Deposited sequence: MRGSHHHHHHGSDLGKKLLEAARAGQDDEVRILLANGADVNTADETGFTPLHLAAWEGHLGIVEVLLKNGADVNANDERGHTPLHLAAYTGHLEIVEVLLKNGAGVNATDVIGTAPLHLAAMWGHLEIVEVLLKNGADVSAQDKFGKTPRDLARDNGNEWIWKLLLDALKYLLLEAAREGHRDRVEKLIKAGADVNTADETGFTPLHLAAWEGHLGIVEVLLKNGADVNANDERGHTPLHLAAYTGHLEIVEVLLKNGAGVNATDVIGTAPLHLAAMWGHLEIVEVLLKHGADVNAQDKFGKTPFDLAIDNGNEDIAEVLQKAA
């Protein structure tokens, strides 16, 4: 009966598991190295088996002979709904196995970042074996890049609190601060700068967060970046500075704050064009007037 219960759980045969339990099968039966039906269901992704077993008194924190719990197995195999059900039934979020890894680290092994984040929300402890720490810190990097583009301040704050490196970058050279400025997320710009983000990080085309905020016209982000030391005269690989971008795209208020913070009206891009020239070219007479008076 114990063998039948293990194999019915592995196969996801819910009504067969129900019958076996009703007929007295030990819900915490173990195979020869300590795997219980809940282990195998969690490994295999059979949520229905998981819920039936837990309803019938299964030990949510059963260990096999390597110290793995059902939450370890569900994390490693990427079964998010089972992770949630296990946690809701008292699974130990910080259970550690015989080599020191917890469910968060096994989830990171195959890139199961939503599970990593869920485990963080449920108390996953973030304080040679630094390989374990790298698993966490890399997952946090990827999560922070994702969260910074998305825009939710609470999510980013949580990831930074957990140890995410605010100065990481994606493969194009966009840091979280670039992404937050690009997408117009002022709240995340503020949080990143409060936590040590390089205000003048360059992507591979020489674009700083201030280039991106001037390009997109986000005045409040421009102002916060300038208050934190953004390079008002930084140039991209074609010589374009923030004042050029604000003039090209008709952002009069951004031209004004850039000028207040020391922007150089005489800077020429690689084509010899000053911000005034570009204002003229684009029919932005009001901006051209401001720049000529500041010449």
Item to check | Missing residue ranges, deposited sequence indexing starting at 1 | outcome: 1-13, 141-156
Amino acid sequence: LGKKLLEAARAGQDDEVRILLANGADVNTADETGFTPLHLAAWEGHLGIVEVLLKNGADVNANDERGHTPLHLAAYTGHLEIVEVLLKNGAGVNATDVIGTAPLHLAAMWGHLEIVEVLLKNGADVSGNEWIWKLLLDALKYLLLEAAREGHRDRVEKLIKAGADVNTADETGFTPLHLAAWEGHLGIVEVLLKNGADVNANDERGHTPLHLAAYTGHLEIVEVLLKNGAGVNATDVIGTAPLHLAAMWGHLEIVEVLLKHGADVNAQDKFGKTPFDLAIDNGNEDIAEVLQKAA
From here on, numbers count along this sequence of modelled residues.
Checklist entry - Which of the two stretches, 260-268 or 42-50, shows the higher mean Cα temperature factor in the record? => result 260-268
Next on the checklist: Test of understanding: from the entry's C-alpha B-factors, which stretch has the higher mean, 158-166 or 201-209?
Outcome noted: 158-166
Checklist entry - Highest Cα B-factor in the deposition, which of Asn129, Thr175, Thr77, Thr172? => result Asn129
Checklist entry - In the PDB entry, which of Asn56, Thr36, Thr235, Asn228 has its C-alpha at the highest B-factor? => result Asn56
Item to check | Third of chain Cα B-factors occupied by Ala8 | outcome: lowest
Checklist outcome for this item: Here the Cα B-factor of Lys141, set against its chain, lands in the third termed middle
Next on the checklist: Can you tell me whether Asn61 has a C-alpha B-factor in the lowest, middle or highest third compared with the other modelled residues of the same chain?
Outcome noted: middle
Item to check | CA B-factor placement of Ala91, once the chain's modelled residues are sorted into thirds | outcome: highest
Checklist entry - What third of the chain, by the recorded C-alpha B-factor, contains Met248? => result highest
